[PDB]
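Participant:
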Amino acid sequence: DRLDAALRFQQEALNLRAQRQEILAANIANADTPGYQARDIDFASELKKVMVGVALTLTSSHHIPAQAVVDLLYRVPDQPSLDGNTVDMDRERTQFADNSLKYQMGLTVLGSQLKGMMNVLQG
Amino acid sequence: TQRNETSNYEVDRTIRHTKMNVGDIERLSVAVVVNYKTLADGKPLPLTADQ
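Structure (structure tokens):
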């Protein structure tokens with residue numbers, strides 16, 4: 003559908019921001035686990051990958074339709094801890110706040126596009 | 358381990374429509390009686406098992 007193509011980029015950006023938000027909050031929650039590595043995703047490359062499948066064929070009514078079913086990069090440690098935990102509070106707190114801001118911005122842009130498509134139709 | 362398998366099949370199909378004939382035979386029973394054998398003398402000699 004053409005409607006999907008217009009809203010594909012912002013939807014994928016919003017979903018990627020939510021996933022990275024979950025990853026950052028997981029990094030915050032597991033700050034005290036000894037031996038836990040701080041993981042993160044490269045937002046731009048994954049957004050390229052998602053932006054850049063074959064529903065199985067249903068011959069009749071009984072035939073069952075096809076059933077549907083990111084890469085994590087390690088953060089470079091800054092300070093060496095003794096328990097092997099590489100999670101840094103300041104870095105991930107700033108990243109968490111930034112991801113929240115960008116999620117809000119994506120919501121704003123997507124809502125503006127939908128509202129414009131709506132006022133085009135209203136009449 | 359996780360295996361999710363979905364398969365759609367096409368099957369052979371045979372429809373037979375039959376209208377039985379009216380007047381067919383269900384059960385036949387037959388009674389046959391034979392005579393004896395009267396020779397030139399005239400004695401009614403019975404038949405044999407083979408015959």
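As you go down the protein sequences, you meet chains A and B in turn. With UniProt numbering applied, the first sequence covers 3 to 54, 62 to 78, 83 to 136. Heads up, the second sequence is in UniProt numbering, so the first residue is 358 and it goes up one at a time. In this text, a Cβ means the ideal position worked out from N, Cα and C, and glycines have one as well.
#1: Identify every run of the alpha helix (DSSP H) within the stretch 364 to 400 of chain B, keeping only runs that are complete inside it and at least 4 residues long; order them along the chain.
#2: With residue 62 of chain A and residue 97 of chain A assumed to form a contact (beta carbons below 8 Å), what rounded beta-carbon distance in angstroms separates them?
#3: Leaving out five residues before and five after residue 393 of chain B in sequence, what residues of the same chain have Cβ atoms less than 8 Å from its Cβ?
#4: What does DSSP give as the partner residues of residue 42 of chain A in its beta bridges?
#5: In chain A, which residues lie less than 8 Å from residue 365 of chain B when you measure between Cβ atoms?
#6: 9 Å is my cut-off, CB to CB: does residue 361 of chain B come that close to chain A?
#7: Among A:75, A:31, A:48, whose alpha-carbon lies nearest the alpha-carbon of residue 105 of chain A?
#8: Mind the definition here: the stretch 68 to 75 of chain A touches the stretch 3 to 17 of chain A only if three or more C-beta pairs lie below 8 Å; say whether that holds.
#9: On a CA-only basis, which of A:4, A:92, A:7, A:20 is nearest residue 109 of chain A? Give me that one, please.
#10: Name the two residues that bound the continuous alpha helix (DSSP H) containing residue 8 of chain A.
Facilitator: So, to answer that:
#1: As far as the stretch 364 to 400 of chain B is concerned, it has no whole alpha helix (DSSP H) run of at least 4 residues.
#2: Looking up residue 62 of chain A in the first sequence gives position 53. Looking up residue 97 of chain A in the first sequence gives position 84. Actually they are not in contact, since the Cβ atoms of residue 62 of chain A and residue 97 of chain A sit about 40 Å apart, beyond 8 Å.
#3: Taking the second sequence and counting its residues from 1, one reaches residue 393 of chain B at position 36. Excluding positions up to five away in sequence, the list reads 401, 402, 403, 404.
#4: What you label residue 42 of chain A is simply residue 40 of the first sequence in a count that begins at 1. Answer is A:86.
#5: Here residue 365 of chain B corresponds to residue number 8 of the second sequence, with the count starting at 1. Going along chain A in sequence order, the residues near residue 365 of chain B (Cβ under 8 Å) are 65, 66, 67, 68, 72, 73.
#6: On the second sequence, residue 361 of chain B is found 4 positions in, with the first residue counted as 1. At least one chain A Cβ lies under 9 Å of residue 361 of chain B.
#7: On the first sequence, position 92 is the one that residue 105 of chain A refers to. Nearest option by C-alpha distance: A:31.
#8: no
#9: As a position in the first sequence, residue 109 of chain A is number 96, starting the count at 1. Of the candidates A:4, A:92, A:7, A:20, the one whose C-alpha sits nearest the C-alpha of residue 109 of chain A is A:20.
#10: If you number the first sequence from 1, residue 8 of chain A lands on position 6. From DSSP, the alpha helix (DSSP H) with residue 8 of chain A extends over 4 to 31.
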